[PDB]
């Protein structure tokens, strides 16, 4: 039989779904959220990533979301309702300098399962392109899991290369939908 190394795609640990949001005042927030496609290999990730717009080129008001297959990118999902997000807030000058590199690094932290035992607490990630300042966030499934949330935040901050002068926060979705629970 042939050596699999020669011809098989490299499976990822999870199957992931990419979503797109375009702000339209004619429609509800949920109706503006649409599924693009799914992938579960390294090769299919790069084929998707290489044919879509960089976040910095999106019209203001748009989002990308990458979530594990089966989890919708909204607070109301069962695996998001009790969770929260590690938030990266960027200034207007950082759309040029950091937004796209931070986003791709965030994508790799997800599909590469970069958070060791706590990668099962990850639900997905969201980049919001906005005129007042863009945002990148990793969503985790239980805001009360102190060890999981902390270790995800610290690993995330280092992978992004942020210096200790910067401090990022973690907010539960219930607070957003109605403060930081943690900071690293």
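Numbering follows the first chain given and starts at 1. By rigid core we mean the largest C-alpha set that fits within 1.5 Å across both forms.
A.B. asks: Do the Cα atoms of 25 to 33 or of 44 to 52 sit farther, on average, from the shown structure in 9 other deposited structures of this protein when the rigid core is superposed?
C.D. replies: Larger mean C-alpha displacement, comparing 25 to 33 and 44 to 52 in 9 other deposited structures of this protein, is found in 25 to 33.
A.B. asks: Could you say which moves further from this form in 9 other deposited structures of this protein, stretch 68 to 76 or stretch 87 to 95, by root mean square CA distance after aligning on the core?
C.D. replies: Once the core is superposed, the stretch further away in 9 other deposited structures of this protein is 87 to 95.
A.B. asks: Which class describes the count of deposited residues lacking coordinates between residue 178 and residue 179: none, 1 to 3, 4 to 9, or 10 or more?
C.D. replies: 4 to 9 residues lack coordinates between residue 178 and residue 179.
A.B. asks: Pick between 160 to 168 and 19 to 27: the one whose mean CA B-factor in the entry is higher.
C.D. replies: Taking the mean B-factor of the alpha carbons in each, 160 to 168 is higher.
A.B. asks: Going by the average Cα B-factor in the PDB entry, point out whether 53 to 61 or 112 to 120 comes out higher.
C.D. replies: Mean CA B-factor is higher for 112 to 120.
A.B. asks: Can you tell me which of 41, 128, 150, 140 has the maximum CA B-factor listed in the PDB entry?
C.D. replies: Max CA B-factor in the entry, restricted to 41, 128, 150, 140: 150.
A.B. asks: Which third, lowest, middle or highest, does the C-alpha temperature factor of residue 79 belong to within its own chain?
C.D. replies: CA B-factor rank for residue 79: highest third.
A.B. asks: Going by the entry, which third of its chain does the Cα temperature factor of residue 155 land in?
C.D. replies: As the PDB entry reports it, the C-alpha B-factor of residue 155 lands in the highest third of its chain.
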